[PDB]
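The structure appears right after this line, and notes come after that.
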């Protein structure tokens, strides 16, 4: 599994399900790529 959405991401340790969910530089968390 991965880090879900609303979970703070780490650019260097991105363990989010990309590209569906992705670390947001804007939101600072992994969010959906809306």
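In case you wondered, yes, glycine gets a Cβ from its N, Cα and C as well.
Pulled from Swiss-Prot:
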type: DISULFID; residues: 2-17; note: disulfide bond
type: DISULFID; residues: 9-23; note: disulfide bond
type: DISULFID; residues: 16-30; note: disulfide bond
Q) Out of 2, 16, 17, 23, 30, which has the highest number of nearby Cβ atoms, where nearby means within 10 Å of its Cβ, if these are the disulfide-bonded residues? A) 30
Q) Of the disulfide-bonded residues 2, 9, 23, which one sits closest to residue 16 (disulfide bond) when you measure Cα to Cα? A) 2
Q: Can you check which residues sit near residue 9 (disulfide bond), meaning Cβ under 8 Å from its Cβ, same chain, 6 or more apart in sequence, and list them in order?
A: 3, 16, 22, 23, 24, 28, 29, 30
